[PDB]
Amino acid sequence: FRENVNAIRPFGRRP
Amino acid sequence: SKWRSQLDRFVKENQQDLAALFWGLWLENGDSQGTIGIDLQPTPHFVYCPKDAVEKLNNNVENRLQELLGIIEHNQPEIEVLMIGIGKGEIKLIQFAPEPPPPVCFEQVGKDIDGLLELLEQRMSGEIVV
Amino acid sequence: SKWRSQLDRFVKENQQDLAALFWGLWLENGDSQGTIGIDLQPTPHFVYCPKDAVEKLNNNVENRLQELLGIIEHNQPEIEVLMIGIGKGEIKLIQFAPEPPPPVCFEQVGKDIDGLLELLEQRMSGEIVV
């Protein structure tokens with residue numbers, strides 16, 4: 001299951 | 001061992017911020033990316049669980065999770081926060097109706113999706129252990 | 001409207017006891033008596049709310065919780081608690097998936113629904129307060 005889910009990441013503070 | 005009660009405590013202690021994140025992501029994506037999950041490994045972090053992935057999980061557990069598919073289909077996001085807690089070979093339903101409802105939580109907390117993701121993952125780090 | 005937040009905080013703090021009561025009454029009645037409600041006046045107390053009465057109450061413009069009857073029908077009681085709070089004609093949905101699940105919560109308290117009901121009402125009398 002875990003191989004088929006997708007991380008939700010912050011866009012981040014882009015430089 | 002302890003992750004179920006630790007996750008439950010974290011959800012109860014953070015319903016408003018979790019609802020704000022849930023609604024912010026609903027505004028952004030609807031259900032186009034799937035259902036929000038909390039993957040506890042290797043560290044606790046948010047994931048999206050595509051419908052196809054949840055079906056495969058249910059098939060591999062011989063339909064023990066059939067009710068989860070229906071809960072996902074019928075969730076009312078204006079009222080109910082829905083998330084899939086992912087432990088060690090085990091999943092836990094997160095479904096609650098916060099006060100105020102999720103759209104108001106997002107407006108009142110006043111943080112964007114990035115800041116909600118960051119603060120919630122920081123709060124889970126070390127408090128939920130698998 | 002302050003009662004909504006007071007009731008919501010009471011629910012967050014009392015999920016195990018509310019889940020045990022929810023499951024015990026469900027073992028007795030299923031949905032045959034309607035939805036478990038908490039009527040806050042004159043003091044907070046549990047009441048059964050027939051489906052037809054919930055629908056008419058919710059159709060008033062002060063409520064209009066979208067698809068509420070579907071939420072009530074779709075709640076899976078072996079996983080999740082659902083009740084409604086009622087204060088001066090206004091509905092607040094109570095919904096949460098506790099840890100451990102409601103059948104375990106009830107088994108841990110034993111066969112004393114009456115004592116659990118009395119305990120929760122006594123607590124509510126000092127914890128949802130104008």
Side-chain angles (χ1 to χ4, degrees), chain B residues 7-24 26 75-83 93-111 116 119-120 123, chain C residues 1-23 35-47 49 54 57-58 60 62-68 71-72 75 77 79-99 102 105 116-117 119-130:
Chain B
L7 171 65
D8 187 67
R9 172 177 307 120
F10 161 81
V11 171
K12 295 191 282 194
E13 297 175 348
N14 294 279
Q15 288 201 344
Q16 174 167 278
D17 287 338
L18 284 166
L21 173 63
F22 172 87
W23 186 255
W26 186 252
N75 192 62
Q76 302 291 329
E78 293 171 309
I79 292 173
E80 305 170 285
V81 175
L82 174 62
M83 282 191 197
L93 179 65
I94 300 160
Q95 193 171 40
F96 61 91
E99 176 71 19
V104 179
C105 287
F106 183 67
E107 191 297 352
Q108 283 183 353
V109 175
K111 289 187 165 125
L116 285 162
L119 82 84
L120 287 165
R123 235 169 245 160
Chain C
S1 82
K2 161 99 45 171
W3 68 262
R4 311 171 50 91
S5 293
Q6 296 181 352
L7 175 59
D8 196 69
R9 297 193 278 272
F10 179 88
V11 169
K12 280 191 261 181
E13 295 148 23
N14 291 268
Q15 285 192 2
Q16 183 181 28
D17 281 347
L18 286 162
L21 176 62
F22 171 87
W23 186 256
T35 294
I36 297 167
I38 297 170
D39 185 347
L40 300 179
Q41 306 177 291
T43 62
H45 62 282
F46 295 93
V47 300
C49 309
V54 174
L57 189 56
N58 191 49
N60 192 282
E62 301 301 313
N63 290 319
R64 311 291 302 190
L65 278 76
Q66 317 94 298
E67 289 139 310
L68 179 63
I71 295 177
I72 289 166
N75 188 78
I79 310 165
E80 336 179 59
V81 170
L82 186 148
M83 325 155 172
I84 58 172
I86 301 170
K88 35 215 65 194
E90 175 185 358
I91 300 176
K92 182 254 195 275
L93 179 66
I94 297 167
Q95 201 183 206
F96 58 91
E99 177 68 46
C105 293
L116 197 46
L117 199 135
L119 170 72
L120 284 159
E121 288 186 353
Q122 167 266 311
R123 268 155 196 192
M124 274 199 305
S125 75
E127 304 190 31
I128 296 120
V129 173
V130 165

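Naming convention: chains lettered A, B, ... in sequence-line order (proteins, then strands); numbering from 1 in each chain. Values reported hereafter were calculated over all heavy atoms of this structure, with side chains retained and with hydrogens, waters and symmetry mates removed.
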Can you tell me how far apart [atom1] ([X]) and [atom2] ([Y]) are? Round to the nearest 0.5 Å.
| X | Y | atom1 | atom2 | value |
| --- | --- | --- | --- | --- |
| C:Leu68 | B:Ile79 | CG | CD1 | 6.5 Å |
| C:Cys49 | C:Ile86 | SG | CD1 | 4.0 Å |
| C:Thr35 | C:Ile94 | OG1 | CD1 | 11.0 Å |
| C:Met124 | C:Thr43 | CE | OG1 | 8.5 Å |
| C:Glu80 | C:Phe96 | CD | CZ | 10.5 Å |
| B:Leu119 | B:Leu21 | CG | CG | 8.5 Å |

Measuring only between side-chain heavy atoms, which start at C-beta, is [X] closer than 4.5 Å to [Y]?
| X | Y | value |
| --- | --- | --- |
| B:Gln15 | B:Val81 | no |
| B:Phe22 | B:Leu116 | no |
| C:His45 | C:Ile38 | no |

Worksheet entry | Pairs satisfying salt bridge (charged side-chain N to carboxylate O under 4.0 Å, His left out), at least one member in residues 119-130 of chain C, at least two apart | C:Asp17-C:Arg123
With sequence neighbours excluded, what pairs up with [X] under the side-chain hydrogen bond (donor to acceptor under 3.5 Å, both in side chains) test?
| X | result |
| --- | --- |
| C:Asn58 | none |
| C:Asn75 | none |
| C:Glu62 | none |

Practice prompt. Quick one: do C:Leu93 and C:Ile84 satisfy side chain to side chain contact (heavy atoms under 4.5 Å, CB included)? Show the steps, please.
Written response: CA-CA 5 Å; C:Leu93 179 66; C:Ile84 58 172; 4.2 Å; yes
Worksheet item: If every non-hydrogen atom of C:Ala19 is compared with every non-hydrogen atom of C:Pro98, which pair is closest and at what distance?
Response: CB-CG, 3.7 Å
Is it true that a side-chain atom of [X] and a backbone atom of [Y] form a donor plus acceptor pair closer than 3.5 Å?
| X | Y | value |
| --- | --- | --- |
| C:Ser5 | C:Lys2 | no |
| C:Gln6 | C:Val129 | yes |
| C:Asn63 | C:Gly89 | yes |

Discussion item. According to side chain to side chain donor-acceptor pair (under 3.5 Å), does anything in residues 98-109 of chain B pair up with another residue at least two apart or in another chain? List the pairs.
Written reply: B:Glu99-C:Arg4
Fill in: side chain to side chain contact (heavy atoms under 4.5 Å, CB included) between C:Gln41 and C:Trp3, worked out
CA-CA 11 Å; C:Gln41 306 177 291; C:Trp3 68 262; over 6 Å; no
Practice prompt. Report the C-alpha separation of C:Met83 and C:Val11 in whole Å, then their side-chain angles, then the decisive distance to 0.1 Å, and conclude whether the side chain to side chain contact (heavy atoms under 4.5 Å, CB included) test is met.
Written response: CA-CA 10 Å; C:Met83 325 155 172; C:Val11 169; over 6 Å; no
Practice prompt. Output all residues satisfying ring pair (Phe, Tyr, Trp, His ring centres under 6.0 Å) with B:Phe106, sequence neighbours left out; order by chain, then residue number.
Written response: none
Practice prompt. Name the orientation class of the two ring planes belonging to B:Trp23 and B:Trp26 (parallel below 30°, tilted from 30 to 60°, perpendicular beyond 60°).
Written response: tilted
Discussion item. Would you say that more than 12 heavy atoms from the other residues, nucleotides or ligands in this model lie under 6.0 Å from the NZ of B:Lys12, or not?
Written reply: yes
Practice prompt. Carefully, step by step, assess C:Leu120 and C:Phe10 under the rule side chain to side chain contact (heavy atoms under 4.5 Å, CB included).
Written response: CA-CA 10 Å; C:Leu120 284 159; C:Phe10 179 88; 4.0 Å; yes
